[PDB]
Trainee: 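My structure is below; once you've seen it, I'll send some questions.
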Amino acid sequence: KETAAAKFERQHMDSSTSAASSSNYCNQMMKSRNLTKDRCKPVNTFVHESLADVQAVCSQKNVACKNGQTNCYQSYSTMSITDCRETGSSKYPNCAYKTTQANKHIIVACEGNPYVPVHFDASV
Ligand SMILES: Nc1ccn([C@@H]2O[C@H](CO)[C@@H](O)[C@H]2OP(=O)(O)O)c(=O)n1
């Protein structure tokens, strides 16, 4: 199996690079992280910060989650992220993405003990 917390790291953490390196980035990473195995995951954000920095977000600004739950938190500082969005030529199993680097606040849902990120909700 895989815990919620490990799945979050798998799907959203990329501390080895500080920015969306190339135009190839999303195509390479979505595949690599197994996010295009059952279908082409539509949108997925990678965070280029240390894991400790991202976990710290669970003690930052408490905001409502898009689903109405209240266990979402917004980072006080902007972070380096790469946004991956599915293109048109993208036809499963040949998923195609547009790589987009940006610096924004991230909003994650947290839970458990230790209280850690389990879902990426939004970037603002
Ligand atoms: N800016 C966004 C919005 C959504 N997602 C991911 O796409 C899913 C569908 O919105 C979200 O739940 C989240 O993945 P996950 O919940 O698995 O962290 C993301 O990575 N980045």
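Residue numbers start at 1 and run along the sequence shown. Note that these values count all heavy atoms, side chains included, but never hydrogens, waters or copies made by symmetry.
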Trainee: Please say yes or no: joined through hydrophobic side-chain contacts below 4.5 Å, possibly via intermediate residues, are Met13 and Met29 part of one cluster?
Mentor: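 Different hydrophobic clusters.
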
Trainee: About how many Å separate OG of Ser32 and CZ of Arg10, when rounded to the nearest 0.5 Å?
Mentor: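 Result: 11.0 Å between the selected atoms.
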
Trainee: Mind listing the closest non-hydrogen atom pair of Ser15 and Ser50 along with its distance?
Mentor: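 It is OG-CA, 3.9 Å.
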
Trainee: Which atom pair, heavy atoms only, marks the closest approach of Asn67 to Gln69?
Mentor: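 Scanning both residues, the minimum pair turns out to be OD1-N, 2.8 Å.
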
Trainee: How far does NZ of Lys98 sit from CD of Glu86, to the nearest 0.5 angstrom?
Mentor: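 Rounded to the nearest 0.5 Å, the NZ-CD separation comes to 11.5 Å.
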
Trainee: Can you hop from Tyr92 to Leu35 via hydrophobic side chains spaced under 4.5 Å?
Mentor: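 No, it is not one cluster - the side chains of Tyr92 and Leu35 are not joined through contacts under 4.5 Å.
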
Trainee: Out of curiosity, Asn34 CG to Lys7 NZ, how far, rounded to the nearest 0.5 Å?
Mentor: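 It comes to 12.0 Å.
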
Trainee: Compare all side-chain heavy atoms of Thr78 with those of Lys104 and state whether any distance is below 4.5 angstrom.
Mentor: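 Not touching, per the 4.5 Å side-chain cut-off.
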
Trainee: Rounded to the nearest 0.5 Å, what separates atom OG1 in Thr36 from atom NZ in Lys31?
Mentor: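 The OG1 atom of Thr36 sits 7.0 Å away from the NZ atom of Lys31.
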
Trainee: So that I can confirm a possible disulfide, could you see if the SG-SG distance for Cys95 and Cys40 falls below 2.5 Å?
Mentor: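 Yes, the SG atoms sit under 2.5 Å apart.
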
Trainee: Please round to the nearest 0.5 Å and tell me the distance separating atom CD of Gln55 and atom CD of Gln60.
Mentor: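 So the gap between those two atoms works out to 12.0 Å.
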
Trainee: I want to check something: taking the side chain as every heavy atom from C-beta on, are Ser123 and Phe120 in contact at a cut-off of under 4.5 Å?
Mentor: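 With C-beta onward as the side chain, the pair touches.
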
Trainee: Assigning hydrophobic clusters by single linkage (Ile, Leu, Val, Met, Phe, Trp, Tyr; side-chain heavy-atom cutoff under 4.5 Å), is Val124 placed with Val57?
Mentor: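 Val124 does not cluster with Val57.
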
Trainee: For the residue pair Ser80 / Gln101, report whether a side-chain donor-acceptor contact shorter than 3.5 Å exists.
Mentor: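 A donor-acceptor contact under 3.5 Å links the two side chains.
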
Trainee: After noting the C-alpha distance and the side-chain angles of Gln11 and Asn44, does the key distance pass the side chain to side chain contact (heavy atoms under 4.5 Å, CB included) rule?
Mentor: CA-CA 8 Å; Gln11 304 193 106; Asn44 192 74; 4.3 Å; yes

Trainee: Could you give me the CA-CA distance, side-chain angles and deciding distance for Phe8 and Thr3, then say whether side chain to side chain contact (heavy atoms under 4.5 Å, CB included) is met?
Mentor: CA-CA 9 Å; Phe8 177 93; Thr3 62; over 6 Å; no

Trainee: If every non-hydrogen atom of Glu49 is compared with every non-hydrogen atom of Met79, which pair is closest and at what distance?
Mentor: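 That closest heavy-atom pairing would be OE2-CA, 3.4 Å.
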
Trainee: Taking the side chain as C-beta and beyond, is there a heavy-atom pair between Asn103 and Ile81 under 4.5 Å?
Mentor: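 A side-chain contact is absent here, since even the closest heavy-atom pair is not under 4.5 Å.
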
Trainee: Which donor-acceptor pairs under 3.5 Å do the side chains of residues 18-28 make with protein atoms, sequence neighbours left out?
Mentor:
{"unit_1": "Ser22", "atom_1": "OG", "unit_2": "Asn24", "atom_2": "N", "d": "3.3"}
{"unit_1": "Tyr25", "atom_1": "OH", "unit_2": "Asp14", "atom_2": "OD2", "d": "2.6"}
{"unit_1": "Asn27", "atom_1": "OD1", "unit_2": "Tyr97", "atom_2": "N", "d": "2.8"}

Trainee: If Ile, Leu, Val, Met, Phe, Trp and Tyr residues are connected whenever their side-chain heavy atoms lie under 4.5 Å apart, and connections chain through other members, are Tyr115 and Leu51 in the same group?
Mentor: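 As far as the 4.5 Å side-chain criterion goes, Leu51 and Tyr115 are connected within one cluster.
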
Trainee: How long is the straight-line distance from CZ of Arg85 back to OG of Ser90, given to the nearest 0.5 Å?
Mentor: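 Reported to 0.5 Å precision, the distance equals 14.0 Å.
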
Trainee: Among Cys110, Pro117, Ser59, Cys65, exactly one meets side chain to side chain contact (heavy atoms under 4.5 Å, CB included) together with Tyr73. Which residue is that?
Mentor: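 Looking at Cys110, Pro117, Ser59, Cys65, the match for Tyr73 under the side chain to side chain contact (heavy atoms under 4.5 Å, CB included) is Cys110.
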
Trainee: Where is the tightest heavy-atom contact between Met30 and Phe46, given as atom of each residue plus distance?
Mentor: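 In terms of heavy atoms, the two residues are closest at SD-CE1, 3.9 Å.
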
Trainee: Testing the 3.5 Å rule here: is there a donor-acceptor pair between the side chains of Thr82 and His48?
Mentor: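 There is such a pair between these side chains.
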
Trainee: A side-chain contact here means heavy atoms from C-beta on lying under 4.5 Å apart; do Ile106 and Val54 qualify?
Mentor: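 When only atoms from C-beta onward are counted, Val54 and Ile106 do touch, with a gap below 4.5 Å.
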
Trainee: Is there a path of hydrophobic side-chain contacts, each under 4.5 Å between heavy atoms of I, L, V, M, F, W or Y residues, that connects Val116 with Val47?
Mentor: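 The answer is no; the residues belong to distinct hydrophobic clusters.
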
